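K.L.:
Before I ask anything, let me first share the structure, which is written out below as structure tokens.
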Amino acid sequence: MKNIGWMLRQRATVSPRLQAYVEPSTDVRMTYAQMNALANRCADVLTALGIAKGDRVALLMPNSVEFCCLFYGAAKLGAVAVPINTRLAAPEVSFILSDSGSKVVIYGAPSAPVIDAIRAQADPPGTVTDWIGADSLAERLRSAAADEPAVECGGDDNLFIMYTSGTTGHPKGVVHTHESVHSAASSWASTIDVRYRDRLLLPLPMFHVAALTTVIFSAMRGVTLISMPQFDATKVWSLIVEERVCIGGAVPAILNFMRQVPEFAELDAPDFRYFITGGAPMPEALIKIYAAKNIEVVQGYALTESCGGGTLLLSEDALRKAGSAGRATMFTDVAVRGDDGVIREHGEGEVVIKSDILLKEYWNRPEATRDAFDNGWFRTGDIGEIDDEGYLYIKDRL
Ligand SMILES: CCCCCCCCCCC[C@@H](O)NS(=O)(=O)OC[C@H]1O[C@@H](n2cnc3c(N)ncnc32)[C@H](O)[C@@H]1O
């Protein structure tokens, strides 16, 4: 069986001295050997905190090496990580904590006021036994052992619970296993043009499924993650050039706001090849602007339930199929479910997905889980059309 945590170790075996995590703003630089060593300390810390295989560990903190190492460490233990959106208010964070039955919460200094509010409320999440802030994590990690854990786990064992974007009415925990995450990161590494030793810019919050899949897929391919904790458009370009970024993740808005700053006018980053985007189509204009600087753009379509995987639109078809979500990526099949309940490869209907990247279930939501599955196919709830060329077009929501 595959184990996301073991994979980090294996990467540290293959490329021990390869730069794995680069964070300028904080001057935090680490090789894969060091990152894997930090995860082991993280695993030791969690164990002493009473975390056992299956147990949930909440992570409320800014992007950081600690975040990645904590879930990687959790992965080696068979524990389940619950990364939480840091823009969330106390009552919502509290909801996620009790719904997930998290027993340990690791939080950053910026989230202290949120953790304090929850702890002062009437009826705080009963399952939480420890609230570990930045200071305590530092203290604990310092006396932590760096030994490699020895726990047979992985495969279909839970690894993460990602709660569906804020609200739409039904906030649910999306549970992914080592296999579904492995398959997703595998899908990405096999679909987009990623290369060993490439340097990739991650400006997205690490609680986001796409971002999570990015740090994991980076370890799998042996990519140097370039971290920009809090996106800042006044520094993003110099980071791209000074750190010799080859690939960058972003949303259409960011890119449109980025080709505006002064630094853009005469940008000269030889190493930078393309941006990956999703969540909204890319305006033919915004594309051409970037095509100008010889910068390519790949656009994808995915959900939390698909672990950030799904369809993708290669640059070459950006204008030819502008307004399209692309085609199915490696290791994943996409089609449409009619009103007759019949699934077809072409035509309009509800976009359905069949791949190993799919969630195991909705955390403690039996009915929702069974209603999202139809003979192996996951119903996205999105209406769309697939043309004879096999390109997907996202319409309204079912
Ligand atoms: C192999 C590499 C794959 C790279 C995939 C990058 C995906 C970036 C977006 C991730 C979205 C994922 O996080 N799910 S979600 O919780 O954010 O929301 C999912 C919903 O967002 C919408 N929705 C996502 N992408 C789109 C879209 N490209 N075009 C119209 N709509 C969309 C659609 O309603 C979908 O059901």
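K.L.:
Restricting to the stretch 43-92, what's the tally of residues that are part of a helix (DSSP H, G or I) and of a type outside the set (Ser, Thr, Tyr)?
P.N.:
Kept after step one, since they are part of a helix (DSSP H, G or I), are these residues of the stretch 43-92: 43-48, 65-77, 90-92.
In the following step, the residues that additionally are of a type outside the set (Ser, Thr, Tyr) were identified as 43-46, 48, 65-71, 73-77, 90-92.
Final tally of qualifying residues: 20.
K.L.:
Also, quick follow-up: Give all pairs with beta carbons closer than 7 Å in which a residue from the stretch 80-101 that is in contact (Cβ under 8 Å) with a residue 24 or more places away in the chain meets a residue that is charged (D, E, K, R); count only pairs at least 6 apart in sequence or on separate chains.
P.N.:
From the stretch 80-101, the pairs are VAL80/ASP55; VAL80/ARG56; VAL82/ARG56; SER100/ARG56; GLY101/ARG56.
K.L.:
Is it the case, given these coordinates, that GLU305 is in contact with a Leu (Cβ under 6 Å, 6 or more places away or on another chain), charged (D, E, K, R) and touching a residue at least 12 places away in the same chain (Cβ under 8 Å)?
P.N.:
Numbers: in contact with a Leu (Cβ under 6 Å, 6 or more places away or on another chain): yes; charged (D, E, K, R): yes; touching a residue at least 12 places away in the same chain (Cβ under 8 Å): yes.
Yes, satisfied.
K.L.:
Same structure, new question: Only one residue in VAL114, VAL194, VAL128 is surrounded by 18 or more Cβ atoms within 10 Å (Cβ to Cβ), part of a helix (DSSP H, G or I) and of a type outside the set (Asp, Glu), so which one is that?
P.N.:
Details: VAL194 fails: part of a helix (DSSP H, G or I); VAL128 fails: part of a helix (DSSP H, G or I).
After applying the criteria, what remains is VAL114.
K.L.:
Taking the stretch 145-172 as the search range and keeping residues that are of a type in the set (A, V, I, L, M, F, W, C) and surrounded by 20 or more Cβ atoms within 10 Å (Cβ to Cβ), which one is farthest from the ligand (Cβ to nearest atom)?
P.N.:
Keep residues of the stretch 145-172 that are of a type in the set (A, V, I, L, M, F, W, C), which gives 145-146, 150-151, 153, 159-162.
Still in the list and also surrounded by 20 or more Cβ atoms within 10 Å (Cβ to Cβ): 153, 159-162.
Details: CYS153: 26, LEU159: 17, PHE160: 13, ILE161: 14, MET162: 8 Å.
So the residue we want is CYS153.
K.L.:
Out of (1) assigned to a loop (DSSP other than H, G, I, E, B); (2) buried (at least 19 other Cβ atoms within 10 Å of the Cβ), what's the single condition that is false for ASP123?
P.N.:
Against the list (1) assigned to a loop (DSSP other than H, G, I, E, B); (2) buried (at least 19 other Cβ atoms within 10 Å of the Cβ), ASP123 comes up short only on (2).
K.L.:
Report, by residue number, each residue of the stretch 176-208 that is within 28 Å of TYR107 (Cα to Cα), within 10 Å of the ligand (Cβ to nearest atom) and among the small types (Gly, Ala, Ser).
P.N.:
Within the stretch 176-208, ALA184, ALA185 qualify.
K.L.:
Given the options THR234, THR224, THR177, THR164, name the one that is of a type in the set (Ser, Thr, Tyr), in contact with a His (Cβ under 9 Å, 6 or more places away or on another chain) and touching a residue at least 12 places away in the same chain (Cβ under 8 Å). Quick ask: steps written out before the conclusion?
P.N.:
Values: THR234 fails: in contact with a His (Cβ under 9 Å, 6 or more places away or on another chain); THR224 fails: in contact with a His (Cβ under 9 Å, 6 or more places away or on another chain); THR177 fails: in contact with a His (Cβ under 9 Å, 6 or more places away or on another chain).
Just one listed residue meets the conditions, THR164.
K.L.:
Also: Can you find a residue in the stretch 295-304 that is in contact with a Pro (Cβ under 9 Å, 6 or more places away or on another chain), under 27 Å from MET61 (Cα atoms) and of a type outside the set (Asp, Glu)?
P.N.:
Within the stretch 295-304, not a single residue is in contact with a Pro (Cβ under 9 Å, 6 or more places away or on another chain), under 27 Å from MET61 (Cα atoms) and of a type outside the set (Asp, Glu).
K.L.:
Let me ask something additional. Suppose we filter the stretch 211-227 for residues that are surrounded by 22 or more Cβ atoms within 10 Å (Cβ to Cβ) and under 26 Å from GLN260 (Cα atoms); how many remain?
P.N.:
Residues flagged as surrounded by 22 or more Cβ atoms within 10 Å (Cβ to Cβ) and under 26 Å from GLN260 (Cα atoms) within the stretch 211-227 amount to 3.
Each reported figure results from applying straightforward, stated rules to the coordinates on display, with no laboratory input. Reconstructed Cβ throughout: ideal geometry from the backbone, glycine too, with neighbour counts over all protein chains shown.
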